[PDB]
Number of protein chains: 2
Amino acid sequence: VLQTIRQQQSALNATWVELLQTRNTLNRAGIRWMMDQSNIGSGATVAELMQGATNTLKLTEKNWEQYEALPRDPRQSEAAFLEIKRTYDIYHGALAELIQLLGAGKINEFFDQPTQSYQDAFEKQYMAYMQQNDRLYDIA
Amino acid sequence: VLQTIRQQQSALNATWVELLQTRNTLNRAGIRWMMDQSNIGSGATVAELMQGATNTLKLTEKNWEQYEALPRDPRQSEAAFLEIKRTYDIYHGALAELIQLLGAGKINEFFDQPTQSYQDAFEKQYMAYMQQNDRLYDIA
Ligand SMILES: [Cl-]
Ligand SMILES: [Cl-]
Ligand SMILES: [Cl-]
Ligand SMILES: [Cl-]
Ligand SMILES: [K+]
Ligand code: NA
Ligand code: NA
Ligand code: NA
Ligand code: NA
Ligand code: NA
Ligand code: NA
């Protein structure tokens, strides 16, 4: 009912969060990488931070696949779902690419990547779709 | 009453989400800082990143005061809210400290701060608060 959508919402939202956690951890690995170049390294290591971001990006893919396999109400928009998946797939792909640039030490390319646009296109769709699902609440 | 929950959950989630975008932005700024100091600055500027971070930390403050003023059902746990507040206030205050540290060139104190621990601690209370509200939705 209003619970099949509250449950589909929560799945999607754990994808959002894990993407945002992957992104931040990766940007931590960036600082440490830069410090190591200036031999002022300290705290968490590049290798450990990359490990957590490999972790949370895999968690991201698994949270996504669970949100897809959830059922959809017919009253929900199929173009919406497909636009959610288009932006996710760019965003996740972008974070998967950050993992490679850093391992290869491509700090500028790493940092010049417009992850922020990819994320914003995905956040745009997320916010729309939660409005369309909150409406389904208002009317049930 | 069921509507008053989703409203709470959405206000609190919006704070979470924004606490995470701020952390990522801050870490972006430290990479760029490090880069400026090594004369390989590219991408977005420290100044642009620090003003996004300043901006999103106020949105978090605001998102938070909106969640707080939403009426809390009597079946919801006053200790649970109090513990969210505790971990929220540590986490928020910590990202505020990161703004001051980076402004001051204090990159090691920036990178060393145990932000993860404050985030984890907030996320623990948030995950538990949701499962409770979700069991509570279930009942009704
Ligand atoms: Cl590069
Ligand atoms: Cl961008
Ligand atoms: Cl320092
Ligand atoms: Cl920590
Ligand atoms: K991890
Ligand atoms: Na943006
Ligand atoms: Na929300
Ligand atoms: Na600098
Ligand atoms: Na910029
Ligand atoms: Na603002
Ligand atoms: Na407090």
Side-chain angles (χ1 to χ4, degrees), chain A residues 14-32 34-35 37-38 40 43-63 87 90-91 94-96 98-99 102 107 111-128, chain B residues 17-18 20-57 59 98-111 114-124 127:
Chain A
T15 310
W16 188 213
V17 167
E18 292 302 323
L19 271 159
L20 287 166
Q21 276 170 149
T22 304
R23 195 177 171 201
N24 167 257
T25 303
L26 281 172
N27 272 313
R28 293 177 69 213
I31 306 178
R32 185 57 203 258
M34 224 45 209
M35 283 161 139
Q37 320 311 111
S38 38
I40 77 189
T45 57
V46 181
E48 299 167 0
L49 291 161
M50 293 297 321
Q51 171 172 284
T54 301
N55 188 218
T56 53
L57 182 64
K58 190 118 100 163
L59 277 274
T60 285
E61 204 83 270
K62 288 294 172 103
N63 293 168
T87 53
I90 290 156
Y91 191 9
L95 300 186
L98 287 172
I99 286 167
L102 207 57
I107 190 60
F111 191 76
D112 295 357
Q113 192 195 75
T115 324
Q116 190 74 41
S117 73
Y118 311 147
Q119 182 184 295
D120 298 351
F122 169 79
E123 186 184 11
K124 188 190 208 312
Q125 302 297 334
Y126 188 53
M127 296 285 90
Chain B
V17 181
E18 218 65 53
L20 289 166
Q21 291 175 115
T22 308
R23 204 195 162 182
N24 176 80
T25 305
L26 291 166
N27 278 285
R28 284 181 77 205
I31 302 161
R32 183 51 200 264
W33 193 94
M34 284 291 303
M35 270 176 151
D36 286 339
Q37 294 300 90
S38 321
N39 286 3
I40 61 150
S42 73
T45 71
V46 172
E48 290 157 5
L49 293 162
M50 288 307 323
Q51 86 180 0
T54 308
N55 176 46
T56 50
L57 188 62
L59 294 169
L98 289 171
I99 287 160
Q100 315 291 120
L101 292 184
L102 202 61
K106 274 168 182 173
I107 180 86
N108 290 272
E109 294 197 52
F110 183 90
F111 187 86
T115 317
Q116 194 54 48
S117 101
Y118 314 140
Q119 189 185 282
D120 291 352
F122 175 72
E123 187 179 25
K124 187 181 153 57
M127 287 300 99

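Both ligands and their constituent atoms are indexed starting at 1 by order of listing. The analysis underlying the following values was restricted to heavy atoms, covering all of them including side chains, and did not include hydrogens, waters or symmetry mates. Chain A is the first sequence line, chain B the second, and so forth, proteins listed ahead of strands; every chain is numbered from 1.
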**Complete:** Exactly one of A/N27, A/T56, A/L59, A/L98 clears side-chain contact (heavy atoms from CB on, under 4.5 Å) with A/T22, and that residue is A/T56
**Fill in**
When rounded to the nearest 0.5 Å, the distance separating CE of A/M50 from OG1 of A/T45 is 11.0 Å
**Prompt:** Looking at side-chain heavy atoms only, is the closest gap between B/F110 and B/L26 below 4.5 Å?
**Reply:** yes
**Polar protein atoms (N, O or S) that approach the Na ion (ligand 6) to under 3.0 Å** = A/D120 OD2
**Asked** Any sub-3.5 Å donor-acceptor pair from A/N24's side-chain atoms to B/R23's backbone N or O?
**Response** yes
**Prompt:** Which distance, rounded to the nearest 0.5 Å, do you find between the CG of A/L49 and the CD of B/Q116?
**Reply:** 9.0 Å
**Prompt:** Can you tell me if B/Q21 and B/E18 form a side-chain donor-acceptor pair at under 3.5 Å?
**Reply:** yes
**Prompt:** How many angstroms lie between CD in A/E123 and OH in A/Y91, if you round to the nearest 0.5 Å?
**Reply:** 9.0 Å
**Asked** By residue and atom, what protein N/O/S atoms are less than 3.4 Å from the K ion (ligand 5)?
**Response** A/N55 OD1
**Prompt:** Which value, rounded to the nearest 0.5 Å, describes the distance between A/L95 atom CG and A/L19 atom CG?
**Reply:** 5.5 Å
**Message:** Does any part of the side chain of A/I40, heavy atoms only, come nearer than 4.5 Å to the side chain of B/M34, both counted from C-beta?
**Reply:** yes
**Item:** N, O or S atom of B/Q37 closer to the Na ion (ligand 8) than 3.0 Å
**Value:** yes
**Asked** Are A/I31 and B/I107 close enough that some pair of their side-chain heavy atoms sits under 4.5 Å apart?
**Response** yes
